[PDB]
Amino acid sequence: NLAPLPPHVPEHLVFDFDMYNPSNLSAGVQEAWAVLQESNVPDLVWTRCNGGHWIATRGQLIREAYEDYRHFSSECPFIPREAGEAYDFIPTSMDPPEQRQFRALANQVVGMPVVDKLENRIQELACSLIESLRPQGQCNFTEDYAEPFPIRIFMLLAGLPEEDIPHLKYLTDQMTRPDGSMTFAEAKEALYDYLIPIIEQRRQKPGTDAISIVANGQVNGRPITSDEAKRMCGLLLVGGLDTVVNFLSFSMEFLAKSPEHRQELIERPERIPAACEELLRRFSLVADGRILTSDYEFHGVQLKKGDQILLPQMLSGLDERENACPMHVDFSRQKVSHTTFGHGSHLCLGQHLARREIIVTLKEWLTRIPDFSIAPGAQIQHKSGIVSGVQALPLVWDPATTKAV
Ligand code: HEM
Ligand SMILES: CC1(C)[C@@H]2CC[C@@]1(C)C(=O)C2
Ligand SMILES: [K+]
């Protein structure tokens, strides 16, 4: 449906892009979003889809808006409006100044020091999942690796049972790529229904898991409330269950389709960290945004207090004004410009865990299964939303070309 055009929005800026079902989706989701960067499309457009909102289409504007939290508030960061209003996760639903104190606590559970306590288990799980698949000569990559690898690591970190994954993954996905059966508010309250008692049990009897550490944490020297803990833990679950999970499939689809790039990383494994960064640029996948706190003229466009603006993190690095030949993957690219992990005060806190999971996957997969392809006659379908993904990724290989370590 197309919402009525607000009185302050001129017709010439109207471009009815649907972030949950973009028209060019069959080309690939990044390609579908990149239609917003065709030469005739303004830097800032209005879509009547999903209740009506602005979209900044160029890295310059996306970066500026993410830096200016005084005009572009995180209080209502999701489209549609109902979802942004219900959205209350911490720290993401807060602006500075109050946001900042919560970042340190989140860093205690997903930050670089914690990656250190997990490196060996991350390594061991990647290797065991890949070795189990290796002799089969085929897999459904989304279900067989992309999901279980990051999700089981998160569930370990959080001290949550693996048999809870199907329920939690379903709920998480309703917040980013809703199937229509639940509103954001319903999904969020179901997630909170799961968490609240676990949080109370771990405040009564603390363990060493991430939920215990958040629930018994301090924020700038005072105790976190049960409610704040819940709102932080919800966000951590969503990051654990619906970010890397999707990104790995874009990356593995690319490698399945580009033997040259596989060989590069096999021959020059020192390049894997750089490859991770270039893949994070090319297969960027997040798009949230902000709400206007006041009327504001931005790049010659009149914005009105309460207007939502989508600021797609995905688009900055695909912008030819940020990177030449942006749809080309070049592992030797000298300045890999992107906002894949966000920009401004809300920079991703999970990014070190994400990079470790990506780099481990690339190294351990190519060590064992250097030669693989998309299954015969398969046409890979993507899906779009707050976080975009790959619906299915059937891969095949000849087991004779693989190596058990
Ligand atoms: C490829 C993987 C990932 C990508 C692309 C990604 C992307 C992002 C983006 C774009 C933001 C900023 C959102 C905004 O400004 O509104 C963000 C924030 C955040 N992410 Fe990540 N993320 C990833 C992985 C993770 C993981 C694995 C976790 C935790 C398990 C995580 C936890 C967080 C947290 C806690 C924030 C909030 C920071 C704040 O609001 O101050 N992320 N992420
Ligand atoms: C936009 C995000 C990727 C970031 C971490 C999880 C996510 C869906 C959020 O709600 C904040
Ligand atoms: K809100």
Side-chain angles (χ1 to χ4, degrees), residues 1-25 27 29-87 95 176-178 183-184 284-322 339 342-344 346 384-388:
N1 198 44
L2 301 177
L5 187 65
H8 67 291
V9 181
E11 181 57 36
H12 74 270
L13 295 185
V14 176
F15 186 105
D16 297 314
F17 183 83
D18 181 351
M19 65 171 290
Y20 291 106
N21 185 32
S23 63
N24 194 215
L25 186 58
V29 67
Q30 288 81 12
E31 287 83 354
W33 284 68
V35 306
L36 292 162
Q37 299 175 326
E38 290 292 301
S39 54
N40 62 331
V41 185
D43 291 351
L44 182 55
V45 295
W46 177 269
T47 179
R48 296 179 290 167
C49 301
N50 297 301
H53 62 89
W54 299 102
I55 310 172
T57 65
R58 296 289 176 174
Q60 183 191 76
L61 280 72
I62 292 165
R63 292 170 186 271
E64 288 182 21
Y66 279 126
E67 292 167 21
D68 182 2
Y69 57 85
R70 289 171 173 189
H71 289 113
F72 300 105
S73 171
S74 287
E75 185 176 20
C76 182
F78 277 24
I79 286 149
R81 191 176 299 274
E82 285 79 4
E85 287 177 342
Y87 188 105
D95 297 311
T176 56
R177 293 179 304 286
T183 61
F184 180 102
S284 197
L285 73 169
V286 181
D288 76 348
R290 301 290 185 256
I291 189 171
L292 273 291
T293 63
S294 70
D295 296 353
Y296 182 47
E297 184 185 318
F298 185 64
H299 291 254
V301 181
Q302 186 61 239
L303 314 179
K304 185 173 180 59
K305 180 172 180 163
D307 287 351
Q308 300 191 83
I309 182 164
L310 188 72
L311 300 167
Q313 286 88 346
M314 175 202 296
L315 284 182
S316 307
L318 300 177
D319 190 344
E320 78 270 12
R321 302 174 195 173
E322 288 209 9
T339 56
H343 190 72
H346 292 270
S384 189
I386 299 283
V387 183
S388 293

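Note that the numbering runs from 1 along the sequence shown for the chain. Heavy atoms only: backbone and side chains are in, while hydrogens, waters and symmetry mates are out.
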Chemist: Counting only heavy atoms not in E31, do more than 12 sit closer than 6.0 Å to its CD atom?
Modeler: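 Counting other residues, nucleotides and ligands, CD of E31 exceeds 12 neighbours.
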Chemist: Could you state the interatomic distance from CD1 (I79) to CD1 (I55), rounded to the nearest 0.5 Å?
Modeler: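 The CD1 atom of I79 sits 7.0 Å away from the CD1 atom of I55.
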Chemist: I want to check something: taking the side chain as every heavy atom from C-beta on, are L44 and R58 in contact at a cut-off of under 4.5 Å?
Modeler: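 No. Closest side-chain heavy atoms not under 4.5 Å.
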Chemist: Let me see the working for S74 and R290 under side-chain hydrogen bond (donor to acceptor under 3.5 Å, both in side chains), right down to the final yes or no.
Modeler: CA-CA 5 Å; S74 287; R290 301 290 185 256; 3.0 Å; yes
Chemist: Sequence neighbours excluded, which residues qualify as salt bridge (charged side-chain N to carboxylate O under 4.0 Å, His left out) partners of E322?
Modeler: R63
Chemist: Can you pull out every side chain to side chain donor-acceptor pair (under 3.5 Å) where at least one residue sits in residues 305-318? Sequence neighbours excluded, please.
Modeler: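 Applying side chain to side chain donor-acceptor pair (under 3.5 Å) to every pair that reaches into residues 305-318, excluding sequence neighbours, yields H8-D307, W54-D307, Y66-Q313, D288-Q313, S316-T339.
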Chemist: For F17, which of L36, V45, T57 qualifies under side chain to side chain contact (heavy atoms under 4.5 Å, CB included)?
Modeler: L36
Chemist: Is a donor on one side and an acceptor on the other found under 3.5 Å between the side chain of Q37 and the backbone of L315?
Modeler: yes
Chemist: When rounded to the nearest 0.5 angstrom, what distance separates CZ in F298 from NE2 in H71?
Modeler: 10.0 Å
Chemist: As a quick check of understanding, evaluate side chain to side chain contact (heavy atoms under 4.5 Å, CB included) for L292 and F72, giving each step before the final call.
Modeler: CA-CA 5 Å; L292 273 291; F72 300 105; 3.9 Å; yes
Chemist: Would you say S388 and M314 make side-chain contact, with heavy atoms under 4.5 Å?
Modeler: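 Answer yes - side chains close enough.
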Chemist: Has the side chain of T176 got a donor or acceptor atom that lies under 3.5 Å from a matching backbone atom of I386?
Modeler: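 No, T176 side chain to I386 backbone: no donor-acceptor pair under 3.5 Å.
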Chemist: Take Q60 and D319 through the side chain to side chain contact (heavy atoms under 4.5 Å, CB included) test and state the conclusion after the steps.
Modeler: CA-CA 9 Å; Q60 183 191 76; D319 190 344; 6.0 Å; no
Chemist: Keeping to residues at least two apart or across chains, list the side chain to side chain donor-acceptor pair (under 3.5 Å) pairs with something in residues 13-25.
Modeler: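 Passing the test, one end in residues 13-25: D16-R48, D18-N50.
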